$ cat coords27.txt   # compact mmCIF, C-alpha atoms and all ligand atoms
# COMPACT_ATOMS: atom_id res chain seq x y z
CA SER I 7 0.71 -6.88 -16.11
CA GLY I 8 -1.06 -9.80 -17.86
CA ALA I 9 -4.33 -11.49 -18.89
CA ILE I 10 -5.86 -14.92 -19.90
CA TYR I 11 -7.72 -15.08 -23.24
CA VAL I 12 -10.12 -18.01 -23.39
CA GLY I 13 -12.90 -17.92 -26.00
CA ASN I 14 -14.60 -14.52 -26.01
CA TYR I 15 -13.33 -13.70 -22.49
CA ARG I 16 -10.41 -11.65 -21.15
CA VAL I 17 -9.47 -12.54 -17.50
CA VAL I 18 -7.45 -9.88 -15.64
CA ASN I 19 -6.70 -8.87 -11.99
CA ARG I 20 -9.58 -6.45 -11.01
CA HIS I 21 -7.26 -3.81 -9.50
CA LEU I 22 -5.55 -3.54 -12.96
CA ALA I 23 -8.79 -3.59 -15.12
CA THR I 24 -9.01 -0.91 -17.89
CA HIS I 25 -11.92 1.40 -18.97
CA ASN I 26 -12.68 -1.01 -21.82
CA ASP I 27 -12.82 -4.00 -19.42
CA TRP I 28 -15.52 -2.17 -17.32
CA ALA I 29 -17.48 -1.01 -20.42
CA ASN I 30 -17.49 -4.76 -21.50
CA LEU I 31 -17.77 -6.30 -18.02
CA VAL I 32 -19.08 -9.91 -17.76
CA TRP I 33 -18.27 -10.84 -14.15
CA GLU I 34 -16.25 -9.30 -11.29
CA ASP I 35 -15.33 -10.38 -7.77
CA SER I 36 -13.49 -7.98 -5.41
CA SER I 37 -12.76 -10.79 -2.84
CA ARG I 38 -11.06 -12.81 -5.62
CA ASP I 39 -9.31 -9.77 -7.26
CA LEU I 40 -10.76 -10.96 -10.63
CA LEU I 41 -12.61 -9.29 -13.46
CA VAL I 42 -13.70 -10.92 -16.74
CA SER I 43 -14.61 -8.78 -19.75
CA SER I 44 -15.87 -9.72 -23.25
CA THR I 45 -13.70 -9.65 -26.35
CA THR I 46 -14.54 -9.34 -30.04
CA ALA I 47 -11.59 -11.48 -31.18
CA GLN I 48 -11.43 -15.18 -30.21
CA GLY I 49 -8.91 -16.50 -27.66
CA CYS I 50 -7.43 -19.96 -27.36
CA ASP I 51 -5.71 -20.33 -23.97
CA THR I 52 -6.60 -23.63 -22.21
CA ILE I 53 -7.81 -23.47 -18.61
CA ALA I 54 -6.74 -26.40 -16.42
CA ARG I 55 -9.60 -28.33 -14.74
CA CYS I 56 -7.70 -30.20 -11.96
CA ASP I 57 -6.37 -29.94 -8.37
CA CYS I 58 -2.62 -29.72 -9.20
CA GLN I 59 -0.48 -28.33 -6.43
CA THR I 60 2.69 -27.95 -8.64
CA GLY I 61 3.18 -25.65 -11.62
CA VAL I 62 5.34 -23.01 -13.33
CA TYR I 63 4.75 -19.21 -13.33
CA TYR I 64 6.27 -16.38 -15.35
CA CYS I 65 8.04 -13.73 -13.24
CA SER I 66 8.46 -10.58 -15.40
CA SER I 67 10.80 -8.87 -12.86
CA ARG I 68 13.32 -11.71 -13.52
CA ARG I 69 12.19 -12.53 -17.16
CA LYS I 70 12.12 -16.17 -15.93
CA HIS I 71 9.66 -19.02 -15.42
CA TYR I 72 9.92 -20.71 -11.95
CA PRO I 73 8.56 -24.13 -10.95
CA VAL I 74 6.62 -23.86 -7.63
CA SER I 75 4.52 -25.94 -5.16
CA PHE I 76 1.47 -23.98 -4.18
CA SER I 77 -1.35 -24.27 -1.64
CA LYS I 78 -4.98 -25.22 -2.38
CA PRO I 79 -7.19 -22.11 -3.01
CA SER I 80 -8.38 -20.63 0.30
CA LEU I 81 -9.17 -17.53 2.42
CA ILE I 82 -5.98 -15.61 2.98
CA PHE I 83 -5.55 -12.23 4.70
CA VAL I 84 -4.08 -9.40 2.54
CA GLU I 85 -2.45 -6.15 3.91
CA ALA I 86 -4.01 -2.78 2.90
CA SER I 87 -2.96 -1.34 -0.49
CA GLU I 88 -4.00 1.66 -2.70
CA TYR I 89 -6.63 -0.61 -4.39
CA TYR I 90 -8.14 -2.43 -1.40
CA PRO I 91 -8.59 -2.07 2.37
CA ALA I 92 -7.30 -4.82 4.79
CA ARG I 93 -9.34 -7.95 3.90
CA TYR I 94 -9.41 -11.71 3.24
CA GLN I 95 -8.91 -12.65 -0.42
CA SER I 96 -10.65 -15.91 -1.29
CA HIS I 97 -9.38 -18.49 -3.84
CA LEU I 98 -5.70 -17.42 -3.26
CA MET I 99 -2.97 -20.08 -3.66
CA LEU I 100 0.46 -19.43 -2.12
CA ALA I 101 3.98 -20.47 -3.19
CA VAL I 102 7.43 -19.62 -1.84
CA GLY I 103 9.03 -17.43 -4.48
CA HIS I 104 9.90 -13.98 -5.82
CA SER I 105 7.43 -11.31 -6.91
CA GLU I 106 7.37 -7.47 -7.26
CA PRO I 107 4.20 -5.29 -7.79
CA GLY I 108 4.80 -5.35 -11.60
CA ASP I 109 4.60 -9.21 -11.65
CA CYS I 110 0.81 -9.11 -11.10
CA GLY I 111 -1.01 -10.87 -13.96
CA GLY I 112 1.85 -13.28 -14.67
CA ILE I 113 0.42 -16.70 -15.51
CA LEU I 114 0.80 -19.94 -13.54
CA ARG I 115 0.43 -23.17 -15.66
CA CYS I 116 0.54 -26.98 -15.27
CA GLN I 117 0.59 -29.86 -17.93
CA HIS I 118 -3.23 -29.30 -18.38
CA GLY I 119 -3.27 -25.52 -18.80
CA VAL I 120 -3.72 -22.21 -17.04
CA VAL I 121 -4.10 -22.46 -13.31
CA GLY I 122 -4.36 -18.80 -12.43
CA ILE I 123 -2.66 -15.45 -12.29
CA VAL I 124 -0.18 -13.65 -9.92
CA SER I 125 -2.25 -11.35 -7.63
CA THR I 126 -0.41 -10.95 -4.27
CA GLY I 127 3.26 -10.78 -3.27
CA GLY I 128 6.05 -9.92 -0.87
CA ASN I 129 7.73 -11.58 2.15
CA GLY I 130 9.10 -14.29 -0.16
CA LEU I 131 5.58 -15.59 -0.91
CA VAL I 132 3.74 -15.17 -4.27
CA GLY I 133 -0.07 -15.49 -4.33
CA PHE I 134 -2.15 -16.68 -7.31
CA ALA I 135 -5.85 -16.03 -8.00
CA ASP I 136 -7.26 -19.46 -9.04
CA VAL I 137 -9.50 -19.61 -12.18
CA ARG I 138 -10.07 -23.45 -12.46
CA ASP I 139 -13.45 -23.40 -10.70
CA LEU I 140 -14.85 -20.94 -13.34
CA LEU I 141 -16.20 -23.62 -15.70
CA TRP I 142 -18.41 -21.11 -17.61
CA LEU I 143 -15.17 -19.70 -19.19
CA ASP I 144 -15.04 -22.69 -21.66
CA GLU I 145 -18.40 -21.96 -23.41
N1 LIG I 201 -4.52 -8.74 -4.49
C1 LIG I 201 -4.18 -7.64 -3.84
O1 LIG I 201 -4.83 -7.20 -2.88
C2 LIG I 201 -2.90 -6.96 -4.30
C3 LIG I 201 -3.17 -5.57 -4.90
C4 LIG I 201 -1.86 -4.88 -5.31
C5 LIG I 201 -0.87 -4.83 -4.16
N2 LIG I 201 -0.69 -6.16 -3.55
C6 LIG I 201 0.48 -6.83 -3.43
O2 LIG I 201 0.54 -7.94 -2.94
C7 LIG I 201 1.72 -6.12 -3.94
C8 LIG I 201 2.76 -7.08 -4.50
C9 LIG I 201 4.05 -7.06 -3.99
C10 LIG I 201 4.99 -7.93 -4.51
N3 LIG I 201 4.74 -8.81 -5.48
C11 LIG I 201 3.52 -8.82 -5.98
CL1 LIG I 201 3.23 -9.91 -7.29
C12 LIG I 201 2.50 -7.98 -5.54
BR1 LIG I 201 0.86 -7.89 -6.49
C13 LIG I 201 -1.95 -6.78 -3.11
ZN ZN I 202 -3.21 -29.45 -13.36

$ encode --input "coords27.txt" --output "structure tokens"
Amino acid sequence: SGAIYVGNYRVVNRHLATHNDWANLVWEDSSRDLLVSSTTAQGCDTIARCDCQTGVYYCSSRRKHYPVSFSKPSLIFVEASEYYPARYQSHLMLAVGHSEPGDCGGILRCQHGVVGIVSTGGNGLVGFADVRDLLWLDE
């Protein structure tokens, strides 16, 4: 589980979005596995605006933060699940590391701020949905 709270926005994985997220929907993209909903309370997480290829992500299934090198966001094939058919997920960044289904929504950060959130996993590779191109989040 896990979300980013920046201004009056809540950024979550779309396959994990709640009834309230959909009743307060702002933007959603099935190919990115992202949904942004509106909040009443203000948030103050900082989104990173950079092209860093190193960072640290929280892995709940180990209660640990791991430093990883990850790929630039791109079109990556994803196996069929109970949420999506077989497809290409865009804006996915991959790193070699541990993840379990429950680790989805864990945040990946660099010295500037939030890079993105855990969205895909398995085979010793953890995938992160990038959020740095979504400039509208900061206003
Ligand atoms: N973005 C998707 O299509 C995911 C929907 C849920 C299923 N999915 C996975 O990759 C499952 C998974 C396995 C091991 N570690 C992690 Cl962090 C995950 Br998430 C694919
Ligand atoms: Zn950075």

$ residues_near_point --input "coords27.txt" --point "(-7.0, -10.0, 6.0)" --cutoff "6 Å" --atoms "all atoms listed in the file" --output "PyMOL selection string"
chain I and resi 83-84+92-94

$ write_last_selection --input "coords27.txt" --atoms "C-alpha atoms" --output "mmCIF file, in the frame of the given file"
data_model
loop_
_atom_site.group_PDB
_atom_site.id
_atom_site.type_symbol
_atom_site.label_atom_id
_atom_site.label_comp_id
_atom_site.auth_asym_id
_atom_site.auth_seq_id
_atom_site.Cartn_x
_atom_site.Cartn_y
_atom_site.Cartn_z
ATOM 1 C CA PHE I 83 -5.550 -12.230 4.700
ATOM 2 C CA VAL I 84 -4.080 -9.400 2.540
ATOM 3 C CA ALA I 92 -7.300 -4.820 4.790
ATOM 4 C CA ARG I 93 -9.340 -7.950 3.900
ATOM 5 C CA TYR I 94 -9.410 -11.710 3.240
#

$ residues_near_ligand --input "coords27.txt" --ligand "ligand ZN 202 (chain I)" --cutoff "10 Å" --atoms "only C-alpha atoms and all ligand atoms" --output "number ranges by chain"
I: 53-61, 115-121, 138

$ residues_around --input "coords27.txt" --residues "residue 114 in chain I" --least-positions-apart "3" --cutoff "8 Å" --atoms "only C-alpha atoms" --output "VMD selection string"
chain I and resid 61 to 64 120 to 124 134

$ residues_around --input "coords27.txt" --residues "residue 22 in chain I" --least-positions-apart "4" --cutoff "9 Å" --atoms "all atoms listed in the file" --output "PDB file with C-alpha atoms, in the coordinates of the input"
ATOM      1  CA  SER I   7       0.710  -6.880 -16.110  1.00  0.00           C
ATOM      2  CA  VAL I  18      -7.450  -9.880 -15.640  1.00  0.00           C
ATOM      3  CA  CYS I 110       0.810  -9.110 -11.100  1.00  0.00           C
ATOM      4  CA  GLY I 111      -1.010 -10.870 -13.960  1.00  0.00           C
TER       5      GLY I 111
END

$ residues_near_ligand --input "coords27.txt" --ligand "ligand LIG 201 (chain I)" --cutoff "10 Å" --atoms "all atoms listed in the file" --output "ChimeraX atom specification"
/I:7,19-22,36-40,65-67,83-96,98,103-112,123-135

$ closest_residue --input "coords27.txt" --among "I:41, I:113, I:50, I:140" --to "residue 72 in chain I" --atoms "only C-alpha atoms"
I:113

$ atom_distance --input "coords27.txt" --atom1 "CA of residue 16 in chain I" --atom2 "CA of residue 102 in chain I"
27.5 Å

$ atom_distance --input "coords27.txt" --atom1 "CA of residue 10 in chain I" --atom2 "CA of residue 51 in chain I"
6.8 Å

$ atom_distance --input "coords27.txt" --atom1 "CA of residue 30 in chain I" --atom2 "CA of residue 43 in chain I"
5.2 Å

$ residues_around --input "coords27.txt" --residues "residue 145 in chain I" --least-positions-apart "4" --cutoff "12 Å" --atoms "only C-alpha atoms" --output "list in words"
residues 12, 13, 14, 15, 48, 49, 50, 52, 53, 140 and 141 of chain I

$ axis_aligned_box --input "coords27.txt" --around "range 122-133 of chain I" --padding-each-side "6 Å" --output "JSON"
{"center_x": 2.4, "center_y": -14.4, "center_z": -5.1, "size_x": 25.5, "size_y": 20.9, "size_z": 26.6}

$ decode --input "coords27.txt" --residues "range 31-48 of chain I" --atoms "N, CA, C and O atoms" --output "PDB file, in the first residue's frame"
ATOM      1  N   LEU I  31     -11.902  11.902  -8.337  1.00  0.00           N
ATOM      2  CA  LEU I  31     -10.975  11.681  -9.409  1.00  0.00           C
ATOM      3  C   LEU I  31     -10.588  12.990 -10.076  1.00  0.00           C
ATOM      4  O   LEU I  31     -11.445  13.831 -10.309  1.00  0.00           O
ATOM      5  N   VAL I  32      -9.289  13.150 -10.385  1.00  0.00           N
ATOM      6  CA  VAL I  32      -8.722  14.316 -11.062  1.00  0.00           C
ATOM      7  C   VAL I  32      -8.135  13.865 -12.396  1.00  0.00           C
ATOM      8  O   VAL I  32      -8.427  14.439 -13.446  1.00  0.00           O
ATOM      9  N   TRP I  33      -7.341  12.794 -12.372  1.00  0.00           N
ATOM     10  CA  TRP I  33      -6.723  12.258 -13.580  1.00  0.00           C
ATOM     11  C   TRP I  33      -6.422  10.778 -13.373  1.00  0.00           C
ATOM     12  O   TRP I  33      -6.072  10.385 -12.280  1.00  0.00           O
ATOM     13  N   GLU I  34      -6.516   9.963 -14.428  1.00  0.00           N
ATOM     14  CA  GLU I  34      -6.220   8.541 -14.317  1.00  0.00           C
ATOM     15  C   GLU I  34      -5.681   8.013 -15.620  1.00  0.00           C
ATOM     16  O   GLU I  34      -6.082   8.468 -16.693  1.00  0.00           O
ATOM     17  N   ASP I  35      -4.685   7.120 -15.541  1.00  0.00           N
ATOM     18  CA  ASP I  35      -4.057   6.544 -16.724  1.00  0.00           C
ATOM     19  C   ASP I  35      -3.772   5.065 -16.512  1.00  0.00           C
ATOM     20  O   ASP I  35      -2.833   4.723 -15.825  1.00  0.00           O
ATOM     21  N   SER I  36      -4.583   4.199 -17.122  1.00  0.00           N
ATOM     22  CA  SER I  36      -4.465   2.748 -17.024  1.00  0.00           C
ATOM     23  C   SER I  36      -3.106   2.226 -17.541  1.00  0.00           C
ATOM     24  O   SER I  36      -2.563   1.291 -16.960  1.00  0.00           O
ATOM     25  N   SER I  37      -2.539   2.838 -18.608  1.00  0.00           N
ATOM     26  CA  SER I  37      -1.220   2.392 -19.114  1.00  0.00           C
ATOM     27  C   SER I  37      -0.088   2.761 -18.155  1.00  0.00           C
ATOM     28  O   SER I  37       0.979   2.178 -18.244  1.00  0.00           O
ATOM     29  N   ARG I  38      -0.286   3.766 -17.297  1.00  0.00           N
ATOM     30  CA  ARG I  38       0.716   4.141 -16.306  1.00  0.00           C
ATOM     31  C   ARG I  38       0.458   3.541 -14.923  1.00  0.00           C
ATOM     32  O   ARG I  38       1.317   3.658 -14.045  1.00  0.00           O
ATOM     33  N   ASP I  39      -0.724   2.909 -14.716  1.00  0.00           N
ATOM     34  CA  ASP I  39      -1.150   2.367 -13.420  1.00  0.00           C
ATOM     35  C   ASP I  39      -1.170   3.482 -12.382  1.00  0.00           C
ATOM     36  O   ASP I  39      -0.784   3.268 -11.242  1.00  0.00           O
ATOM     37  N   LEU I  40      -1.657   4.678 -12.772  1.00  0.00           N
ATOM     38  CA  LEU I  40      -1.736   5.847 -11.874  1.00  0.00           C
ATOM     39  C   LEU I  40      -3.121   6.438 -11.817  1.00  0.00           C
ATOM     40  O   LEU I  40      -3.828   6.494 -12.815  1.00  0.00           O
ATOM     41  N   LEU I  41      -3.490   6.935 -10.634  1.00  0.00           N
ATOM     42  CA  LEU I  41      -4.727   7.656 -10.462  1.00  0.00           C
ATOM     43  C   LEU I  41      -4.399   8.795  -9.488  1.00  0.00           C
ATOM     44  O   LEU I  41      -3.718   8.575  -8.481  1.00  0.00           O
ATOM     45  N   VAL I  42      -4.901   9.998  -9.759  1.00  0.00           N
ATOM     46  CA  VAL I  42      -4.740  11.125  -8.849  1.00  0.00           C
ATOM     47  C   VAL I  42      -6.141  11.600  -8.450  1.00  0.00           C
ATOM     48  O   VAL I  42      -6.993  11.807  -9.313  1.00  0.00           O
ATOM     49  N   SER I  43      -6.382  11.738  -7.157  1.00  0.00           N
ATOM     50  CA  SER I  43      -7.645  12.213  -6.636  1.00  0.00           C
ATOM     51  C   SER I  43      -7.398  13.521  -5.851  1.00  0.00           C
ATOM     52  O   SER I  43      -6.251  13.856  -5.535  1.00  0.00           O
ATOM     53  N   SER I  44      -8.452  14.268  -5.567  1.00  0.00           N
ATOM     54  CA  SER I  44      -8.356  15.520  -4.835  1.00  0.00           C
ATOM     55  C   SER I  44      -8.479  15.279  -3.350  1.00  0.00           C
ATOM     56  O   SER I  44      -9.175  14.364  -2.921  1.00  0.00           O
ATOM     57  N   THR I  45      -7.828  16.112  -2.558  1.00  0.00           N
ATOM     58  CA  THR I  45      -7.922  16.008  -1.103  1.00  0.00           C
ATOM     59  C   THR I  45      -8.455  17.325  -0.545  1.00  0.00           C
ATOM     60  O   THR I  45      -8.323  18.376  -1.182  1.00  0.00           O
ATOM     61  N   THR I  46      -8.999  17.279   0.662  1.00  0.00           N
ATOM     62  CA  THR I  46      -9.456  18.486   1.339  1.00  0.00           C
ATOM     63  C   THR I  46      -8.261  19.048   2.130  1.00  0.00           C
ATOM     64  O   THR I  46      -7.999  20.256   2.098  1.00  0.00           O
ATOM     65  N   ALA I  47      -7.526  18.171   2.832  1.00  0.00           N
ATOM     66  CA  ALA I  47      -6.367  18.607   3.590  1.00  0.00           C
ATOM     67  C   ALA I  47      -5.173  18.783   2.664  1.00  0.00           C
ATOM     68  O   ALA I  47      -5.055  18.075   1.668  1.00  0.00           O
ATOM     69  N   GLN I  48      -4.282  19.721   3.004  1.00  0.00           N
ATOM     70  CA  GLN I  48      -3.077  20.015   2.233  1.00  0.00           C
ATOM     71  C   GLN I  48      -1.970  18.998   2.493  1.00  0.00           C
ATOM     72  O   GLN I  48      -1.795  18.537   3.611  1.00  0.00           O
TER      73      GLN I  48
END
